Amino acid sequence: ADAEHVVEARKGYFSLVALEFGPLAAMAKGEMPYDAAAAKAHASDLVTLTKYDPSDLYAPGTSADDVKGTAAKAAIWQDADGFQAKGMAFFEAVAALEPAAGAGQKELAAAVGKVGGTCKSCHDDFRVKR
């Protein structure tokens, strides 16, 4: 598709991830009361998102070196193996997030912490900083 379109989709993808992770983080932090049903609901939605195959999102020539409006580093394409590894770590942390969701604030907080680490670890090597 056109580069602009791929970029819009890629950012949209992370917008959804952020939308569903947001209330889990809020609850882990104590900003928002713990609600096990709400927690499980967001958690399961996040699992669906990780099931989606994001290949089309990473069309060659759509890095920050190529088009504006994106924060995806060229590194993503030069290190396909490091990228799938950070993706896999995320997918696994999210899987663990499900059972934890309904077992208490302290457990959800622990699980959320692991997921959060995966967000950052990816950003660190593959997202431009500003």
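Note that residue numbering begins at 1 and tracks the sequence as displayed.
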{"property": "Stretch with the greater mean C-alpha B-factor as recorded in the entry, comparing 57 to 65 against 95 to 103", "result": "95 to 103"}
{"property": "Third of chain Cα B-factors occupied by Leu46", "result": "lowest"}
{"property": "Assigned third (lowest, middle, highest) for the C-alpha B factor of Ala26", "result": "lowest"}
{"property": "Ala80 CA temperature factor, ranked by third within the chain", "result": "highest"}
{"property": "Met32 - Cα temperature factor, lowest/middle/highest third of chain", "result": "highest"}
